[PDB]
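Student: Before anything else, here's the structure in question.
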Amino acid sequence: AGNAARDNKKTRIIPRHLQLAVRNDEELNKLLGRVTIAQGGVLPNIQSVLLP
Amino acid sequence: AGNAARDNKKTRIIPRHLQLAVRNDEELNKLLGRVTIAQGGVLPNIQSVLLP
Amino acid sequence: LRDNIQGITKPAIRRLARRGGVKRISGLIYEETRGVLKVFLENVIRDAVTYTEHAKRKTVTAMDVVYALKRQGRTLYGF
Amino acid sequence: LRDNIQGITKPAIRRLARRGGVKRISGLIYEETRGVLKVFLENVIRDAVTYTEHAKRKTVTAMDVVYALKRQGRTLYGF
Amino acid sequence: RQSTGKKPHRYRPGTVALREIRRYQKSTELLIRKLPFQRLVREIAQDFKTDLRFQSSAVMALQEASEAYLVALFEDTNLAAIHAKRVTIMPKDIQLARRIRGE
Amino acid sequence: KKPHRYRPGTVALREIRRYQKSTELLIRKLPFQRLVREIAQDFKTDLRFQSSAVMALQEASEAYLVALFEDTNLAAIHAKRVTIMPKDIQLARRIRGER
Amino acid sequence: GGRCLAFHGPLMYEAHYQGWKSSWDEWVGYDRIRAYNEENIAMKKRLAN
DNA sequence: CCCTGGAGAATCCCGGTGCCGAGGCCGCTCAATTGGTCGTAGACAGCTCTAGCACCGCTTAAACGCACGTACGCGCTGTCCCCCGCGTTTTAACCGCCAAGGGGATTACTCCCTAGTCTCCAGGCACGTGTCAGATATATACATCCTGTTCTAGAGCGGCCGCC
DNA sequence: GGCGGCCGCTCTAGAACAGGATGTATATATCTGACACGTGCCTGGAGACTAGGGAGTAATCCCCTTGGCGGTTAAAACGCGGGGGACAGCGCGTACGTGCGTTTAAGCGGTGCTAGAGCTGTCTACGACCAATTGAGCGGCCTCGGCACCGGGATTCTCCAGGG
């Protein structure tokens with residue numbers, strides 16, 4: 001979460017940083033696959049065929 | 001299961017009949033959705049577009 | 001309270017699909033999404049109602065909602 | 001013991017898809033099904049190995065596999 | 001009862017949709033409004049038990065859980081749409097995703 | 001004479017009707033058992049398996065693969081197809097959360 | 001024995017016709033010849049007549 | 001029809017406010033820590049014996065492979081109607097603000113039935129066994145699917161007839 | 001006398017229909033193998049008793065959600081323009097359906113042996129429990145600073161128009 005906050009260059013840890021920390025790590029993704037995180041959203045990924 | 005066994009002309013309860021009884025009832029199918037039944041198979045249902 | 005299923009507006013469902021990375025949104029997805037949300041709420045709120053009735057309380061707390069989400073494999077953090 | 005992933009033969013996968021009501025079965029889906037089965041076995045058998053190691057036993061019983069499948073929401077009856 | 005009754009911009013579809021996808025995917029705030037969802041929750045709860053109240057935080061938790069569940073369902077629906085060689089989602093894709101999920 | 005020459009699909013429907021009502025195990029016992037042994041060899045070299053343990057593993061794997069094939073076929077019919085594809089399996093695993 | 005032995009026009013009879021089901025075998029004893037499998041089954045049935 | 005130069009608008013980096021939630025501090029008190037003391041679950045040693053590992057006959061249904069073709073996967077075209085971007089005018093959302101009154105939270109008096117024994121006994125479990133429904137077996141028999149032959153409808157062609 | 005229009009004739013093909021094909025639905029014959037009844041226990045729950053403790057209920061309290069407003073600017077909704085895409089349709093093809101030849105191992109039955117899980121003692125540290133204590137976790141208050149907000153400016157990627 002601190003690494004994700006530094007990528008966003010924020011000092012305080014917000015729930016977006018925690019959600020990014022959980023979803024970015026594959027081990028944490030498998031551990032918390034059935035886990036819903038409030039105020040966090042999802043990963044900002046775009047499918048390959050979506051871009052024109 | 002006895003109803004399914006009478007539908008199969010059987011007077012002994014076999015795990016196929018138990019699987020049919022579980023999956024035929026909607027409440028039992030929803031309750032036992034995460035349930036694996038040994039020697040039971042699945043329902044003999046075929047899709048509409050699969051018929052010739 | 002009647003016709004409260006239309007409170008979830010069409011651009012709200014559009015924004016929810018935008019969060020999910022949906023390219024194009026059909027006009028028939030809104031009624032189906034409202035029905036799916038109604039079914040999910042009719043499960044979760046009923047489970048929370050049973051949780052509240054068990055504890056002899058008249059209003060439902062967020063902890064009972066957390067328990068009702070956790071028992072179906074959809075655990076929620078932060079409440 | 002090597003190359004036992006080919007032990008799940010082509011007509012076995014054919015029969016497995018016929019049980020599931022599949023009309024047409026591709027030629028490239030056998031390897032994918034073998035990989036999916038390998039992943040599922042590498043989860044379940046590893047869980048049973050941990051159960052047997054905690055159970056002070058060197059033989060994997062059916063009961064250990066039963067709760068190994070139960071802990072992942074895939075409970076099996078009859079063993 | 002007693003009554004008788006010069007050139008505009010003209011953005012093509014898809015680019016602004018991807019712009020909104022990028023804006024809301026990196027965003028944090030709640031998309032669904034508060035009081036319509038709360039009123040829907042009360043209307044659903046009144047069918048099961050009358051004279052029932054919900055606190056603000058319980059409504060908040062329900063709203064965030066429903067938003068996350070619907071976002072995951074829309075992700076699966078879009079994945080099935082690209083899987084079906086399409087960019088437009090259909091309600092049958094939602095039904096297929098619910099059937100695969102087991103609900 | 002000429003052969004009967006069944007059209008593609010009729011024997012498929014016959015096999016679907018036969019296996020959807022029969023509870024016999026489609027996977028052969030010994031190859032699945034030996035696959036289980038080499039998979040468990042990566043975790044424990046000195047390990048043994050009971051026969052009923054292999055039976056339970058075979059039944060659970062068969063049911064999981066049959067459910068995966070059902071989801072794959074339904075996704076194929078959703079995608080204007082009748083032939084199951086590996087990408088349909090990947091989609092079914094991703095929706096179920098196992099991918 | 002052999003690969004072609006039939007009283008009529010042979011279809012690679014094995015002592016059973018290959019490529020056919022089991023309910024077509026006849027074991028009668030008559031005058032059997034080969035003739036290069038009735039000249040390659042009449043040169044592929046008159047080149048697929 | 002494709003490549004390249006110029007500009008409209010959503011988006012990104014940055015200067016200044018400040019503010020309201022985050023960080024640090026004061027007690028202190030209630031949960032965390034220390035020592036002893038037993039019942040007791042657990043670590044360890046010897047027996048065993050019933051189920052699993054390895055190899056062997058064999059035979060036979062299961063499986064690899066090659067020949068052929070027709071349902072279906074995939075590439076390509078249009079279109080039109082379904083959805084999106086934006087102008088405009090309603091429309092209810094959120095914060096601002098006020099009481100209310102059921103209702104969560106806390107404290108205390110009391111009371112039944114649940115923790116824990118004693119004894120036993122009648123329902124539950126291990127073992128033995130007659131038995132009654134399921135499976136193997138096979139001619140007979142369904143049973144629908146595939147295919148060959150014929151029926152009838154449709155379009156093309158040619159002969160006949162009236163008109164200029 | 002030449003030609004357009006009309007009607008009969010023959011060609012062609014879609015499709016209803018009947019016959020052959022092969023894998024199952026049944027009708028006994030008989031094996032057979034667990035199914036349930038009986039018996040003999042015997043091991044766990046029930047009658048009865050002792051004691052006590054956590055909730056049922058009453059009271060308080062203070063707290064927090066519902067109703068209920070104006071306001072105001074974000075946005076739902078209606079509608080016009082239009083635009084790119086879902087799907088019907090058509091064509092290419094290849095690659096997967098169907099079928100047996102042939103090989104090849106799956107499985108039934110058998111035999112030997114030890115790998116090791118229950119089983120029974122045995123002895124031993126270990127954790128719940130009772131005095132005795134004690135020290136920073138947390139409610140709350142003081143302080144403070146990171147980024148929401150508000151604009152200002154800007155690079156910066158994107159669409160429209162001109163040229164080859």
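Identifiers for the structure tokens are assigned positionally: chains receive A, B, ... in sequence, residues are indexed from 1 per chain, and ligands are indexed from 1 in the order shown.
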If you run DSSP on the backbone here, which positions in chain B get alpha helix (DSSP H)? Please write them as a list in words.
Tutor: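 Answer for chain B, restricted to alpha helix (DSSP H): residues 2, 3, 4, 5, 6, 7, 15, 16, 17, 18, 19, 20, 21, 22, 23, 24, 26, 27, 28, 29, 30 and 31 of chain B.
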Student: Write out as a list in words which residues come within 12 Å of residue G:33 when counting only C-alpha atoms (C1' of nucleotides), dropping same-chain ones fewer than 4 positions away.
Tutor: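 Final neighbour list, sorted by chain and number: residues 2, 3, 4, 5, 6, 7, 8, 9, 10, 11, 12, 13, 37, 38 and 39 of chain G.
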Student: Those same residues - C-alpha atoms - I'd like them written as a PDB file, in the first residue's frame.
Tutor:
ATOM      1  CA  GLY G   2      -4.641 -63.297 -46.785  1.00  0.00           C
ATOM      2  CA  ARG G   3      -6.372 -59.981 -47.342  1.00  0.00           C
ATOM      3  CA  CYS G   4      -8.805 -60.561 -50.245  1.00  0.00           C
ATOM      4  CA  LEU G   5     -10.906 -63.693 -50.805  1.00  0.00           C
ATOM      5  CA  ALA G   6     -14.521 -63.577 -51.993  1.00  0.00           C
ATOM      6  CA  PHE G   7     -16.755 -65.346 -54.497  1.00  0.00           C
ATOM      7  CA  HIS G   8     -18.336 -62.072 -55.657  1.00  0.00           C
ATOM      8  CA  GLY G   9     -16.518 -58.785 -56.254  1.00  0.00           C
ATOM      9  CA  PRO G  10     -14.234 -58.561 -53.231  1.00  0.00           C
ATOM     10  CA  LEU G  11     -13.919 -55.638 -50.824  1.00  0.00           C
ATOM     11  CA  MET G  12     -10.702 -56.776 -49.091  1.00  0.00           C
ATOM     12  CA  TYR G  13     -12.321 -59.719 -47.326  1.00  0.00           C
ATOM     13  CA  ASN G  37      -9.006 -56.777 -55.720  1.00  0.00           C
ATOM     14  CA  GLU G  38     -11.406 -56.813 -58.711  1.00  0.00           C
ATOM     15  CA  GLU G  39      -9.032 -54.421 -60.552  1.00  0.00           C
TER      16      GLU G  39
END
Student: Interatomic distance between atom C1' of residue I:150 and atom CA of residue E:9?
Tutor: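 Computing it gives 28.0 Å between the two atoms.
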Student: Only residues of chain F matter here; which ones have an atom within 12 Å of chain A, counting only C-alpha atoms? Give them as JSON, numbers by chain.
Tutor: {"F": [94, 95, 96, 97, 98, 99]}
Student: So which residues touch stretch 15-20 of chain B within 10 Å, counting only C-alpha atoms (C1' of nucleotides), skipping near sequence neighbours fewer than 3 positions away, as a list in words?
Tutor: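 Listed by chain and then number, they are residues 1, 2, 3, 4, 5, 6, 7, 8, 10, 12, 23, 24, 25, 29, 36, 37, 38, 39, 40, 41, 42, 43 and 44 of chain B; 78 of chain D; 21, 22 and 23 of chain F.
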Student: To one decimal place in Å, what is the distance between atom CA of residue F:38 and atom CA of residue D:1?
Tutor: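 Calculated distance between atom CA of residue F:38 and atom CA of residue D:1 is 5.7 Å.
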Student: Using only C-alpha atoms (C1' of nucleotides), what table do you get, as a tab-separated table, when you list each residue of chain I with an atom no more than 12 Å from chain C, its nearest pair of atoms, and their distance in Å rounded to one decimal, rows by chain then rising number?
Tutor:
residue	atom	partner	partner_atom	distance
I:64	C1'	C:59	CA	11.3
I:65	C1'	C:59	CA	9.6
I:75	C1'	C:11	CA	9.3
I:76	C1'	C:9	CA	7.4
I:77	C1'	C:10	CA	9.6
I:84	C1'	C:24	CA	11.4
I:85	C1'	C:24	CA	10.2
I:86	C1'	C:26	CA	11.4
Student: Show me, as a PyMOL selection string, the residues that have an atom within 12 Å of residue I:43 when counting only C-alpha atoms (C1' of nucleotides), minus same-chain residues fewer than 6 positions from it.
Tutor: chain H and resi 120-125
Student: Taking into account only C-alpha atoms (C1' of nucleotides), which residue in the set I:99, I:110, I:52, I:137 is nearest to chain F?
Tutor: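 Residue with the minimum atom-to-atom distance to chain F: I:99.
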